[PDB]
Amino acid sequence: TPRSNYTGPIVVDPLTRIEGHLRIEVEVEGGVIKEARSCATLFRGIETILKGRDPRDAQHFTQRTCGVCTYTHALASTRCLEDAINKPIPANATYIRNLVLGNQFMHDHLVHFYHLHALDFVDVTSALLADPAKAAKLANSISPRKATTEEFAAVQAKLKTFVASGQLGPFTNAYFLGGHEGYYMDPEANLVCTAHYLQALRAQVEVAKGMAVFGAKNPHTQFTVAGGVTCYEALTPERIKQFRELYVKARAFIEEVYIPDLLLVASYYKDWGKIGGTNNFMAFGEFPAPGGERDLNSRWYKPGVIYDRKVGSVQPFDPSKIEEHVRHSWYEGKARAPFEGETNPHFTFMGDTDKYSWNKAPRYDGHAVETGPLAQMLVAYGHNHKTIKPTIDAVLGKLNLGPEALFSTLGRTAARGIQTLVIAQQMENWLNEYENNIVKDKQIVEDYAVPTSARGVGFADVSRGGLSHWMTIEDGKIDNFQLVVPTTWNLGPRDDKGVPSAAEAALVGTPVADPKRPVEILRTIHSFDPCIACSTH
């Protein structure tokens, strides 16, 4: 793995191809990263804005936490209010919510891999040097969806016209221009991935369209209430057929294009199986069974905690063990449990190393944990999940890797693909189950009042990991409302013991081939799929 002998700092600000505004500072010694700080650089304050309002409106405000992970926050707020009301949720609301969420996973992960992460591995200019006939044969050898020499030649020509124009647009100043020792793939592999990048730009439109069939629109869905869902049209055969036709198409693209490209890329970057590992993992599980909304263990995959990579010893998840530190964050006070959370800003200066981020540092029972697809897939593995354990075993077999390779930037990236695949296939069953349930069950919503005094918490394991919303209601209004969001966990700063958060820790040991072109920092940070609108809110 190439590496310089650079000793000194490196700052990446803006760290692009993420959502939101992130600054990364690292210290390097001998071309190896020894220390890292994650700096979230925008605050908005949605928790404070929510105080005093009608709990029914919370979901509409919190959905504006983030539009990449659109819907997720509406779902978590609705789940939160429904926990506080603690009355039965219609089975069809669960079904339709689960289906829309599965479609969100398919969309989000597809766009992350191609349009936010791939340029860290794919040299677009190297694609211009490819033999289009060789690229077709490479493409055809890894997928049942076939291509011709002419189609790949056509892609190269359009690309050539673009680059020759000198207006490189979003590829301007790319780290791979002029060559970079950190980029390993051959031109034919580069052209295959580049062609698919472009196809996926159109494909994602159709994937997203699927959420609009029941959920009104994408982005920012508008079909949920505390008590169920509002889309009576989702009961009609015409909407169900449309949803199914789009799902099938979305599934095919994932199975035939994304997943083999991810495997192609992993096959060139096996050394990254030894870079950016972490030890502890936390997942909240997802996709409750009908009747099971209040029980995390009813979920298609279950929550769990894993310490020191002991996957065979998954521990229970106890929400009361969640606390958020602020010692190194721009807020006042000390660590708090979210029902007692506080968000009083305390800014120092940009570039400070004492207090350096608008992200709180959440800790589980005092430990630093990673959340997200890798976390949830390891927890599932340890729970012997019916499709996730064999799927993981098969990936490792394909790439000829040991399980130790899971605990890395490569494994993190692979796990995002695996989660996409298993959810995409399970959707078929949920859809059939929903369609069979509505034969007799025509209910989609119950009319419930907001209680005068109560508390609830909503949980979701979404694209980037464990999301939770925590509300106390007094006098029928929002007393306190706190969000604890996946990227809060992964991209938080150090805690009150000085212990870094997952991403900060993962960056330790990263080799840097060119301090002026830190593709390696980006590879690892992008593998966590950070959203800073989410993490800070």
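From 1 onward, residues are counted along the sequence shown.
Stretch exceeding the other in mean C-alpha B-factor - 141 to 149, 436 to 444: Averaging CA B-factors over each stretch, the winner is 141 to 149.
Greater mean Cα temperature factor according to the PDB record, 66 to 74 or 23 to 31: Per the PDB record, 23 to 31.
Criterion, highest CA B-factor; candidates, 131, 245, 206, 324: The record points to 131.
Which of 286, 255, 393, 428 ranks first by CA B-factor in the deposited coordinates: Of the options given, 393 has the highest CA B-factor in the PDB entry.
Third of the chain's Cα B-factor distribution that residue 535 belongs to, per the entry: Lowest third - that is where residue 535 ends up once the chain's C-alpha B-factors are sorted.
For residue 237, the third of its chain into which the C-alpha B factor falls: Its C-alpha B-factor, which the entry lists for residue 237, ranks in the middle third among residues of this chain.
Chain-relative CA temperature factor third for residue 228: Within its chain, residue 228 is a middle-third residue by C-alpha B-factor, going by the deposited values.
Residue 493 - Cα temperature factor, lowest/middle/highest third of chain: Lowest third.
CA B-factor ranking of residue 465, expressed as a third of its chain: For residue 465, the deposited C-alpha B-factor lands in the lowest third.
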